[PDB]
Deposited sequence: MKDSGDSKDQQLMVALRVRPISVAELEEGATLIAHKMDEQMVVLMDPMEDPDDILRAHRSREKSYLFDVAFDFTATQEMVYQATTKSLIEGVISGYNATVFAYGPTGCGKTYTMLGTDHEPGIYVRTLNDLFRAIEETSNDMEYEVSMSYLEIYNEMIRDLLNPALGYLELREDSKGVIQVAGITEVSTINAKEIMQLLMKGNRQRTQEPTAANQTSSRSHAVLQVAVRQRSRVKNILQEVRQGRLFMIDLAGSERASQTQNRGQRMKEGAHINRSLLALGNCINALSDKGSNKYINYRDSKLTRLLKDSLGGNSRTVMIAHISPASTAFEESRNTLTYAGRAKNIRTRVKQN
């Protein structure tokens, strides 16, 4: 089960100074349209498509939506399954500067998906602790150029992926506090340990917040399965030698198939046991409404277009 959402951030001053207009428009609660600006001495501008194309998503958001409304529409409903032992995954996707970290982390004055989700998680846990015992841990790591760091304890350095079944980052810090100011301060400071751009957080830094939840019954004279749900909340990287071993392909392409031992990325390996049959995935794509962003916005809307 997959859900795709699209969020349009408000236009920025820097886009207005460059001279941009509005070309992205939420038309509808699940449809956005992308107007084509114009330019060039070229362009047979008549066309036939010719200047406006619509895209449909499970849900859409522009500047009218608040942080909590984005949360309610995207990840709130994952929570019941996670404490019940099901797995779930939320991606913030899109080009740099379009909203990912704002949607996922937010700000002190306007928090995002992380703390809102951690918060309904601890309520749901207490409204059912009549019958159940729970254990909750969370970690917050970076993947930067396939190197993993613990964002809550950078001193430890480069960590590896060891199987402890489930694939876990061997050695990573694990928090259990239930207060949302504390979590938010943790996640704010941990965000600043993300690898920076040599010229600011690198456009190539995945931030993964994972929350594990174990659930066992308080009734001890009947066995019952012990449950382990795993929520992943991801702030992705931005959307934006002779290797002629390519007849390698022009020769596998004769009766099919496969000739490469592909390596799974760290993020794929971490998400392997999750993201499967009875597991949910929520992607939140982000765009600018600015005309100066028309090409990235169209790549994004194409990629997420349901």
Problem - In sequence order, the deposited-sequence ranges that have no modelled C-alpha atom - result: 1 to 10, 176 to 177, 212 to 214, 256 to 276, 343 to 353
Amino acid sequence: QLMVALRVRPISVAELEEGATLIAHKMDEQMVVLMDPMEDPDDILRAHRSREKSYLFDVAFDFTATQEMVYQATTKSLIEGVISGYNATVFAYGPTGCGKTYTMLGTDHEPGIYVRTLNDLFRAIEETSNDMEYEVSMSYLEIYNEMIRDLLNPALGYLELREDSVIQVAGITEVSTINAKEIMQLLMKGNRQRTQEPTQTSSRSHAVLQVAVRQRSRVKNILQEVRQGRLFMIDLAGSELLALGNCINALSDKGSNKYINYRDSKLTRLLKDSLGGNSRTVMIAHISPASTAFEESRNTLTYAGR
From here on, numbers count along this sequence of modelled residues.
Exercise for the section: Can you let me know which of the two, 36 to 44 or 52 to 60, has the higher average C-alpha B-factor in the entry? Expected result: 36 to 44
Problem - Stretch with the higher entry mean CA B-factor, where the candidates are 176 to 184 and 72 to 80 - result: 176 to 184
Exercise for the section: Would you mind finding, among 209, 167, 92, 213, the residue with the largest C-alpha temperature factor in the entry? Expected result: 167
Exercise for the section: Tell me which of 235, 225, 142, 160 tops the list for C-alpha B factor in the record. Expected result: 160
Handout entry: Modelled-residue ranking by C-alpha temperature factor, third containing residue 198
Key = highest
Completion exercise
Chain-relative C-alpha B factor for residue 128 (record values, thirds): the middle
Practice task
Comparing against every modelled residue in the chain, figure out the third that the C-alpha B-factor of residue 156 lands in (lowest, middle or highest).
Solution key: highest
Fill in the blank from the handout: For residue 251, the third of its chain by CA B-factor is the middle
Handout entry: Among modelled residues of the same chain, the CA temperature factor third for residue 31
Key = highest
